[PDB]
Amino acid sequence: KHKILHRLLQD
Amino acid sequence: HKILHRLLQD
Amino acid sequence: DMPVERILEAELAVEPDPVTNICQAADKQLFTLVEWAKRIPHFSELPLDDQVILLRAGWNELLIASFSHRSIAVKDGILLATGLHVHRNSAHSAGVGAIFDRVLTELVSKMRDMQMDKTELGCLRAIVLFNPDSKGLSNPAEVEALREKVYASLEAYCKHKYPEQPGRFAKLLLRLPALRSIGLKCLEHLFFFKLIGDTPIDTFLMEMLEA
Amino acid sequence: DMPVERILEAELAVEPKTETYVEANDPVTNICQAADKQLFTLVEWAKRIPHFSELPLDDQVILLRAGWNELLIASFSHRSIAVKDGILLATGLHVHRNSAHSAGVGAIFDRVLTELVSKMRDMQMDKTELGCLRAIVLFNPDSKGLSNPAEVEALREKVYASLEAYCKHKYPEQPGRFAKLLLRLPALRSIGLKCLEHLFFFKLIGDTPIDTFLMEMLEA
Ligand SMILES: CCN(c1ccc(C(C)C)c(OCC(C)C)c1)c1ccc(C(=O)O)cn1
Ligand SMILES: CCN(c1ccc(C(C)C)c(OCC(C)C)c1)c1ccc(C(=O)O)cn1
């Protein structure tokens with residue numbers, strides 16, 4: 001879950 | 001507010 | 001003037017189905033809560049309609065702060081004003097473990113870790129009491145001025161009693177959002193009990209849940 | 001350390017541009033589109049708050065999921081002191097009290113104006129103090145599930161130590177200004193909770209387009 005938030009934080 | 005009025009008037 | 005010594009006196013002059021016992025202890029404390037506000041400096045000098053508004057606005061947060069601090073001695077539990085202990089398992093088995101854990105983690109244990117004394121607690125309750133945002137106040141800036149004097153006196157007490165803890169004053173103030181959040185949740189539970197009707201609710205606690 | 005200059009830089013770097021207001025139908029749909037847009041810039045803002053990125057990734061997820069509602073409310077509330085009334089959205093749209101009440105959010109709109117906007121304008125809260133308040137909101141050690149709550153608490157304590165130093169240095173004639181800043185946070189917490197209740201209702205009805213990121217924040 002939290003697909004978009006994890007992606008944006010990964011950067 | 002019967003109870004609260006009475007307890008405040010003393 | 002807002003001396004912390006008279007705020008501490010208001011605290012001590014007042015210090016004494018699981019859901020059923022909790023509600024009965026709440027009704028007991030609403031009576032002693034009024035006597036506590038009268039002992040807070042300058043509160044009774046406010047207009048009577050303003051005293052009613054402040055007590056109807058803060059009673060829930062005010063009572064939550066009290067039994068949380070009272071429960072610093074208990075572990076995984078909460079000491080009710082009636083003398084009864086509610087353990088964590090009894091609250092969970094009653095369907096209120098979630099809000100019970102929030103009180104334990106965000107208040108009781110946070111109060112115990114920093115060893116919040118009864119003077120600091122009384123000032124936070126006084127700050128909660130003098131809530132300038134309460135709708136309907138005839139003179140909001142009068143209540144705001146009272147709040148400023150309370151936390152001015154609190155910061156002075158903190159620099160005096162704990163001079164080695166420079167951030168203690170702010171640490172105290174930053175328990176108030178969680179208190180506001182837990183207060184709103186406790187209110188939701190109380191209304192739900194009143195709607196379903198399967199929980200006895202005494203007269204004064206019923207009066208605080210009306211319009 | 002926790003320098004206020006770095007926190008201020010994080011505010012301005014994500015601040016909406018005059019461009020967008022000059023360039024700018026359903027009110028609630030517009031407000032929700034502004035919220036989705038601002039969640040993306042909220043992630044970039046958090047990365048610019050000192051030490052936030054050094055936290056575990058799961059704690060960064062938890063802090064932003066717990067705080068985004070209050071963080072965004074704090075932003076458009078302080079942003080709206082630049083105008084005489086209403087709320088300036090980040091999309092450039094200007095929500096006035098008439099439109100808010102007609103759309104069904106008048107009471108929560110009024111709470112924003114009275115308890116947040118007007119207080120911020122009264123005390124002339126600057127962007128440095130606002131950024132510190134948001135960083136305090138961001139570093140919420142009470143967030144459930146944090147793998148390292150003590151570090152989050154340490155960071156919050158470093159932020160408000162810097163905030164108090166900044167306030168006493170810049171506004172030495174206002175000794176209670178620091179406490180006055182912190183005492184808007186209960187109202188923010190309350191107004192945040194009330195705002196989510198409206199948002200969840202609009203989501204339930206299903207007649208309000210809710211874009212991807214805002215939709216992801218609303219689904220546990
Ligand atoms: C705020 C009024 N309230 C009080 C009233 C009702 C509830 C129900 C949600 C159960 C409550 O939930 C407490 C648990 C979440 C821990 C606390 C009480 C109860 C006891 C005392 C006391 O014993 O002093 C004071 N207020
Ligand atoms: C907190 C998230 N949220 C946001 C999301 C949904 C609502 C609905 C209740 C309409 C909202 O009601 C704001 C006032 C009218 C009470 C604010 C927004 C909206 C805009 C912006 C922005 O433009 O900066 C940021 N967050």
Side-chain angles (χ1 to χ4, degrees), chain B, chain C residues 10-11 13-40 43 48-71 74 77-87 90-104 107-108 121 124-126 128-129 131 134-136 178-211, chain D residues 190 193:
Chain B
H1 310 337
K2 307 177 68 65
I3 296 180
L4 186 62
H5 265 80
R6 180 180 66 193
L7 300 171
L8 280 171
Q9 299 178 40
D10 201 78
Chain C
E11 297 296 319
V14 162
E15 171 179 339
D17 191 9
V19 171
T20 295
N21 305 324
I22 296 168
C23 287
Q24 291 172 343
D27 181 86
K28 178 195 194 77
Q29 288 311 95
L30 285 174
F31 286 100
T32 122
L33 173 71
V34 181
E35 300 289 74
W36 166 90
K38 291 192 171 189
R39 293 169 176 269
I40 297 299
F43 173 82
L48 187 91
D49 297 339
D50 286 348
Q51 300 179 39
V52 169
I53 289 171
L54 292 183
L55 289 177
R56 288 188 62 87
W59 66 270
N60 197 73
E61 287 175 64
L62 291 166
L63 272 51
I64 291 170
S66 293
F67 70 70
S68 293
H69 189 263
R70 184 194 305 144
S71 311
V74 200
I78 277 168
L79 179 61
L80 297 184
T82 58
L84 306 181
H85 283 251
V86 178
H87 187 264
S90 190
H92 272 73
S93 304
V96 290
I99 187 50
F100 195 92
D101 281 359
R102 291 201 61 193
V103 170
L104 256 54
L107 299 178
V108 179
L121 176 82
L124 293 179
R125 300 183 73 234
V128 168
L129 176 70
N131 182 0
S134 309
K135 312 297 174 183
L179 182 65
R180 170 76 57 84
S181 198
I182 293 178
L184 293 161
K185 180 58 66 179
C186 168
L187 248 191
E188 294 178 30
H189 288 245
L190 280 161
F191 283 117
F192 188 69
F193 301 154
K194 176 171 168 291
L195 178 65
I196 299 298
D198 51 12
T199 312
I201 304 177
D202 296 5
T203 58
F204 203 175
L205 178 59
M206 192 76 78
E207 188 183 282
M208 290 298 194
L209 307 172
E210 291 179 351
Chain D
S190 181
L193 292 163

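Throughout, protein chains are lettered first and strands after them, A, B, ... in sequence-line order, and every chain is numbered starting at 1. Atoms considered below: every heavy atom in the structure, side chains included; atoms not considered: hydrogens, waters and symmetry mates.
- Closest heavy-atom contact between C:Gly136 and C:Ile53: O-CD1, 3.3 Å.
- Residue C:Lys38 comes nearest to C:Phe43 through the heavy atom pair N-CD2, 4.0 Å, listed as atom of the first residue, atom of the second, then distance.
- In this structure, the separation between CD1 on C:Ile99 and OG on C:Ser181 is 8.0 Å, given to the nearest 0.5 Å.
- Annotation for C:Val19 and C:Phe193: closest pair CG1-CE1, 3.5 Å, computed over non-hydrogen atoms.
- For C:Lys185, the salt bridge (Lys or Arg N to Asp or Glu O under 4.0 Å) partners two or more places apart in sequence, or in a different chain, are C:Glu188.
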Side-chain donor/acceptor pairs under 3.5 Å, residues 27-36 of chain C, sequence neighbours excluded:
residue, atom, partner, partner atom, Å
C:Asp27, OD1, C:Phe204, N, 3.0
C:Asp27, OD1, C:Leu205, N, 3.0
C:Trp36, NE1, C:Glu11, OE2, 2.7

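- Across all their heavy atoms, C:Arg102 and C:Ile182 have their closest contact at O-CD1, 3.5 Å.
- Atom CG of B:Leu4 sits about 10.0 Å away from atom CD of B:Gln9, to the nearest 0.5 Å.
- Within 6.0 Å of the NZ atom in C:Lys135, the count of heavy atoms belonging to other residues, nucleotides or ligands exceeds 12.
- Atom NE2 in C:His85 sits 13.0 Å away from atom CG in C:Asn21 (nearest 0.5 Å).
- Applying the 6.0 Å contact sphere to CG of C:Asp198 captures more than 12 heavy atoms from other residues, nucleotides or ligands.
- Distance CD1/C:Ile40 to CG/C:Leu129: 6.5 Å, rounded to 0.5 Å.
- Here the CD1-OG1 distance, from C:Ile201 to C:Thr20, works out to 9.5 Å after rounding to the nearest 0.5 Å.
- Contact detail for C:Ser90 and C:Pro18: the closest heavy-atom pair is OG-CG, 3.1 Å.
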With a cut-off of 3.5 Å and sequence neighbours excluded, list every side-chain donor-acceptor pair involving residues 56-70 of chain C.
residue, atom, partner, partner atom, Å
C:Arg56, NH1, B:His1, ND1, 3.4
C:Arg56, NH1, C:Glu207, O, 3.1
C:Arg56, NH2, C:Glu210, O, 2.7
C:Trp59, NE1, C:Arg56, O, 3.4
C:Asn60, ND2, C:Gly183, O, 2.7
C:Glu61, OE2, C:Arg180, NE, 3.1
C:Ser66, OG, C:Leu62, O, 3.3
C:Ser66, OG, C:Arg125, NE, 2.9
C:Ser66, OG, C:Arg125, NH2, 3.2
C:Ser68, OG, C:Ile64, O, 2.8
C:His69, NE2, C:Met116, O, 2.6
C:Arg70, NH1, C:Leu79, O, 3.0

